[PDB]
Amino acid sequence: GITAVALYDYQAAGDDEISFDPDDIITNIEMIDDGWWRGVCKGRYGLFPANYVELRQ
Amino acid sequence: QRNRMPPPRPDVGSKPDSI
């Protein structure tokens with residue numbers, strides 16, 4: 001599976017996107033859009049602002 | 001269409017456009 005980590009604290013603009021703390025790491029992060037991502041944060045899926053998040057490996 | 005670019009990245013050395 002995939003897993004990302006927020007480089008900084010960001011707040012999702014729309015309901016389609018979720019927010020997550022920097023140190024707060026999450027899993028199942030799959031890239032749907034070349035500019036946007038998606039993953040499960042604390043048991044919830046959503047969109048990941050590529051500007052404030054990064055997929056680990 | 002689901003095309004949308006992420007917001008700008010925060011910077012400390014950034015300066016305003018209006019002086």
# chains A, B, ... in the order shown; residues from 1 in each chain; ligands from 1
>>> interface_residues(of="chain A", to="chain B", cutoff="9 Å", atoms="only C-alpha atoms", output="PyMOL selection string")
chain A and resi 33-36+49-52
>>> select_by_dssp(residues="chain A", states="strand (DSSP E)", output="NGL selection string")
:A and (3-6 or 25-30 or 36-40 or 45-49 or 53-55)
>>> residues_around(residues="residue 46 of chain A", least_positions_apart="4", cutoff="6 Å", atoms="only C-alpha atoms", output="PDB file with C-alpha atoms, in the first residue's frame")
ATOM      1  CA  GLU A  17     -10.448  17.174   0.631  1.00  0.00           C
ATOM      2  CA  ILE A  18      -9.364  16.362   4.186  1.00  0.00           C
ATOM      3  CA  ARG A  38      -5.985  10.792  -1.971  1.00  0.00           C
ATOM      4  CA  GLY A  39      -5.442   8.770   1.191  1.00  0.00           C
TER       5      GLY A  39
END
>>> residues_around(residues="segment 30-32 of chain A", least_positions_apart="6", cutoff="9 Å", atoms="only C-alpha atoms", output="ChimeraX atom specification")
/A:1-3,38-39,47-48,55
